[PDB]
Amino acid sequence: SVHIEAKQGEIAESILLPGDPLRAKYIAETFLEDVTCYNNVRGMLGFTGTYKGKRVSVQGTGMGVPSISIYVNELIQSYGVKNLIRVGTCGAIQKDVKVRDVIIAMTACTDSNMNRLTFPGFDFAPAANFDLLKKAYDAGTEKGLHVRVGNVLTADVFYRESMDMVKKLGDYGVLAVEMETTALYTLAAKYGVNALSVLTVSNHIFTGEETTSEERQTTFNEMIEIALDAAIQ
């Protein structure tokens, strides 16, 4: 496809979608066997390998609705992918949400115009595939993680001048901010395939608490495991 140099059949039907291509590399090296790298266009690494015997892929998406939309469209339309699980990080916008929690997004709010253009006059609420959601929830519960299932904000702006609306969304139960889920969930629904986002809380936007990769790695490793499990089912 335009942004992926893989041949037909090189990408598995189940795929993990980190935003960072170097995290795709880490996931492939850490968890998968019999690994090939099928893409390095724009440095946006993608790999296929085996986990507990099943083929699976892992593909960086880049940051933001427009970037992930490019990759998700191509994966679905050109490579026949069926199950797509974003594995990422997010910033908590509730005191009750803690750094190192794992959030499974039921749905996402957004300040993107992508869906207002598609459905003029409507608020489109992009939804997770429930069967994948339940599988990940059950796997994370059994893995012993603090799993929260709820709403997130998919933001176009990482650096927002006023935080008033983000605070207000938090007061309406929105758990955390990230930059991709609306697009993944909307496009998967469009094409009749299955999507989920599973996120590690890496910082709290209003307390200023933050972590490096190393400082959240055990939780992050465990989260990848339950994303892979929800994939291989």
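One-based numbering along the sequence shown.
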(request) Taking the mean of the C-alpha B-factors per stretch from the entry, tell me the winner out of 122-130 and 92-100. (result) 92-100
(message) So, looking at the entry's B-factor column for Cα atoms, which has the higher mean, 211-219 or 10-18?
(response) 211-219
(request) Sort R42, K167, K190, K54 by C-alpha B-factor from the entry and give me just the highest. (result) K54
(message) Looking at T61, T182, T36, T200, which one carries the largest C-alpha B-factor according to the PDB entry?
(response) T36
(request) Please place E161 in the lowest, middle or highest third of its chain by C-alpha B factor as given in the entry. (result) middle
(request) Determine, from the deposited record, the chain-internal third of the Cα B-factor for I27: lowest, middle or highest. (result) middle
(message) Ranking every modelled residue in this chain by its Cα temperature factor as given in the entry, which third contains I76?
(response) middle
(message) Please place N83 in the lowest, middle or highest third of its chain according to the CA B-factor in the PDB entry.
(response) middle
(message) Ranking every modelled residue in this chain by its Cα temperature factor as given in the entry, which third contains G49?
(response) highest
